[PDB]
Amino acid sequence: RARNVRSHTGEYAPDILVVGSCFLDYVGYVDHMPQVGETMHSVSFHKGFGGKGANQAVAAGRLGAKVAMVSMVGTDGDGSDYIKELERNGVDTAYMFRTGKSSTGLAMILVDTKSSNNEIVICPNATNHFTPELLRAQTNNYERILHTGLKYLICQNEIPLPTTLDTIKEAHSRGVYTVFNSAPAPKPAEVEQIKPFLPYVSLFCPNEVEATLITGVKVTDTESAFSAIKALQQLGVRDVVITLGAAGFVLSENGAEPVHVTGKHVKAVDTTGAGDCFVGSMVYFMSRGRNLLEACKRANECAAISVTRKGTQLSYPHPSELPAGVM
């Protein structure tokens, strides 16, 4: 067994539960993108640990969060590598499910360094089998993973949507603070199904695009983002945060006047996974007892630091690396 084991006495039960995606990133660096029919060699290759779910759990885990990952991987070596990597990043793996019928989810990523361009084929694989019915069957209808002591749920939109919406509803009904990062951007049919579950979303935390698609409010800047915030309170979301890249974020705690905090000024070398860093860091700081604005201010600093280095999860800070006054 690679995975963690629960106690009979609930003594390692987490503060934060992440129900979402784990994907291996197969990154081939190419002199050119291949044309139809082409066989070519990479110049280099890098194996990474991705999926927005795992990225968020690892951002929190790296700052010391009592965080557990709930997901589906293979019985393959990739799954075993992911389970150990989560543990080395401070994430509990007791509720990582494994199937012998599917490979671990992965992204096949080609990077042209010269052109900086990317081609990506997502192969969710085992992730496609991470259904509400399997989740229920393995957790006694959510009782094994939604203990009384559970403070936060984080979901994204990189597993089957019904698993995301049913988990958010069940966690909200038990008084868990539910965080939903609607990434990648929901398609029109996904928006129709999300909208009725927004009353169960304690914190909705999209980027500009994702806010635009859910609200119909075109978000390009602060003023429009404040409109999108009001629209999401109307759809029944208690707390709203919208990230704005280098422009930082806007938020509203329980319908109080919006706030803009701008981005940190930093030399951005590689922004990959910055948003996942922001979300996981934000929830970590709220679990330590920070209010939403104090949490998001520090999450903004953590994400700024991540964009100064390559590596997605490898660019997420540990507490010893942070400048004084972040932790």
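Throughout, we count residues from 1 along the sequence that is shown.
- Note: missing coordinates for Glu38 occur in none of the other compared entries bracketing this position, so the one-third threshold is not reached.
- Across the other entries compared, none leave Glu301 without coordinates where the residues on each side are present, so it is far from a third.
- Per-stretch averaging of Cα B factors for 152 to 160 and 241 to 249 places 241 to 249 on top.
- As the entry records it, the average C-alpha temperature factor is higher for 5 to 13, out of 5 to 13 and 18 to 26.
- When the Cα B-factors of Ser182, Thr127, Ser227, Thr93 are read from the PDB record, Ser227 comes out highest.
- Note on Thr131, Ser80, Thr178, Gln234: the highest value goes to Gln234, judged by CA B factor as recorded.
- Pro186 sits in the highest third of its chain by CA B factor, as recorded in the PDB entry.
- Annotation for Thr272: C-alpha temperature factor in the middle third relative to the rest of the modelled chain, per the entry.
- In the PDB entry, a CA B factor belonging to the highest third of its chain's modelled residues is recorded for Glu210.
- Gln56 sits in the lowest third of its chain by CA B factor, as recorded in the PDB entry.
- For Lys218, the recorded CA B-factor ranks within the highest third of the chain. Only modelled residues enter the ranking.
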